[PDB]
Amino acid sequence: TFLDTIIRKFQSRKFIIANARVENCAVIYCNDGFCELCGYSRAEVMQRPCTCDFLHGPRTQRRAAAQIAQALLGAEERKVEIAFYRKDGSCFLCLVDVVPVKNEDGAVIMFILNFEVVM
């Protein structure tokens, strides 16, 4: 469990960790700050694609979602601003920070995604 080593990254941080070795980059961890941010519980978040489609609503731009998808096929850190929706229906502007995690060979094996509310 080196995932716990990564989990060590955990001040009001809101992030998820994704398994890049399955086709949809399923969520294999989400911290309490993230669940609290979006109003969904850990159980409602786990195993979903890390694109967080479940946070999509009317104001979510196709283009911003597309940037995140492209990032998840790359190997560089990327920052995308996107409109997300909490479980209660409220919309928050979000800066998503996609961070690739690599192995000794330099292959991407995970992503960490951090989320920050934007004004």
Side-chain angles (χ1 to χ4, degrees), residues 3-7 9 12-119:
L3 188 25
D4 298 271
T5 308
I6 288 147
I7 286 195
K9 132 192 238 99
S12 64
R13 198 136 299 272
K14 314 161 215 303
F15 77 96
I16 62 185
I17 296 171
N19 183 358
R21 295 191 162 282
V22 296
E23 305 283 2
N24 76 348
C25 291
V27 158
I28 57 187
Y29 177 84
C30 52
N31 84 329
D32 290 333
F34 179 84
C35 293
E36 191 174 315
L37 169 54
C38 62
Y40 292 90
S41 75
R42 168 168 297 103
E44 291 168 304
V45 174
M46 292 284 281
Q47 289 106 40
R48 318 194 70 134
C50 75
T51 46
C52 297
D53 295 317
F54 64 97
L55 297 182
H56 289 189
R59 288 171 54 195
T60 312
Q61 303 277 95
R62 284 167 285 109
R63 183 183 144 69
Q67 280 176 258
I68 290 176
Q70 175 166 303
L72 295 162
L73 284 164
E76 303 296 346
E77 171 175 2
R78 292 290 331 273
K79 299 182 178 177
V80 176
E81 191 192 276
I82 187 168
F84 276 158
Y85 289 74
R86 302 190 179 83
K87 182 175 192 186
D88 75 349
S90 61
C91 180
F92 63 96
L93 294 174
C94 187
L95 179 76
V96 181
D97 175 39
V98 186
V99 186
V101 182
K102 303 179 191 174
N103 63 12
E104 293 177 350
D105 303 326
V108 176
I109 55 168
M110 280 173 173
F111 293 94
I112 292 124
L113 291 72
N114 305 124
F115 302 68
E116 292 177 350
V117 182
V118 185
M119 288 218 245

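The residues of the chain are indexed from 1 along the displayed sequence. These values consider heavy atoms only, across backbone and side chains, with no hydrogens, waters or symmetry-generated copies.
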Problem - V99 with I28, same ILVMFWY side-chain cluster at under 4.5 Å - result: yes
Exercise for the section: Measure across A20 and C25 and return the closest heavy-atom pair with its distance rounded to 0.1 Å. Expected result: CA-SG, 4.0 Å
Exercise for the section: Would you check if the side chain of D88 reaches a backbone N or O of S90 as a donor-acceptor pair within less than 3.5 Å? Expected result: yes
Handout entry: Side chain proximity check, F34 to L113, heavy atoms < 4.5 angstrom
Key = no
Exercise for the section: Taking atom CD of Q70 as the centre, report whether more than 12 heavy atoms of other residues, nucleotides or ligands fall under 6.0 Å from it. Expected result: no
Completion exercise
CD1 of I112 to SG of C50, rounded to nearest 0.5 Å, is 11.0 Å
Exercise for the section: Please answer whether the main-chain N or O of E77 pairs with a side-chain N or O of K79 as donor and acceptor at a distance below 3.5 Å. Expected result: no
Handout entry: same_hphob_cluster(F15, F54) at 4.5 Å side-chain heavy-atom cutoff
Key = no
Exercise for the section: Treat each ILVMFWY residue as a node, draw an edge where side-chain heavy atoms are under 4.5 Å apart, and state whether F92 and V98 are in one component. Expected result: yes
Exercise for the section: Measure across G74 and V108 and return the closest heavy-atom pair with its distance rounded to 0.1 Å. Expected result: O-CG2, 3.8 Å
Fill in the blank from the handout: Rounding to 0.5 Å, atoms OH (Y29) and CE (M46) come to a distance of 9.5 Å
Problem - Nearest-0.5 Å distance that lies between atom CZ in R21 and atom CG in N103 - result: 6.0 Å
Practice task
Quick one: which residue pairs count as a salt bridge (charged side-chain N to carboxylate O under 4.0 Å, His left out) with a foot in residues 52-73, not counting sequence neighbours?
Solution key: none
Handout entry: Other cluster members, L95 - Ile/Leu/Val/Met/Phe/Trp/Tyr, side-chain contacts below 4.5 Å
Key = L93, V118
Fill in the blank from the handout: What one should report as the nearest heavy-atom pair of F111 and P100 is CD2-CA, 3.6 Å
Problem - Min side-chain heavy-atom separation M110-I17 under 4.5 Å - result: yes
Handout entry: Shortest non-hydrogen contact from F115 toward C52
Key = CZ-SG, 4.0 Å
Practice task
Examine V101 and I16 and state if one hydrophobic cluster contains both, with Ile, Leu, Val, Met, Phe, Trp and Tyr joined whenever side-chain heavy atoms are less than 4.5 Å apart.
Solution key: no
Exercise for the section: Walk me through it: do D32 and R42 pass the test side chain to side chain contact (heavy atoms under 4.5 Å, CB included)? Expected result: CA-CA 8 Å; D32 290 333; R42 168 168 297 103; 2.8 Å; yes
Problem - Atom pair NZ/CG of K14 and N114 - distance to nearest 0.5 Å - result: 10.5 Å
Practice task
Any chance you could measure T60, atom OG1, to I68, atom CD1, to the nearest 0.5 Å?
Solution key: 9.5 Å
Handout entry: Nearest-0.5 Å distance that lies between atom CD in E36 and atom SG in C30
Key = 12.5 Å
Exercise for the section: Say whether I6 and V96 are linked into one hydrophobic cluster, either directly or through other cluster members, by side-chain heavy-atom distances under 4.5 angstrom. Expected result: no
Exercise for the section: For the residue pair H56 and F84, establish whether any side-chain heavy-atom pair is separated by less than 4.5 Å. Expected result: yes
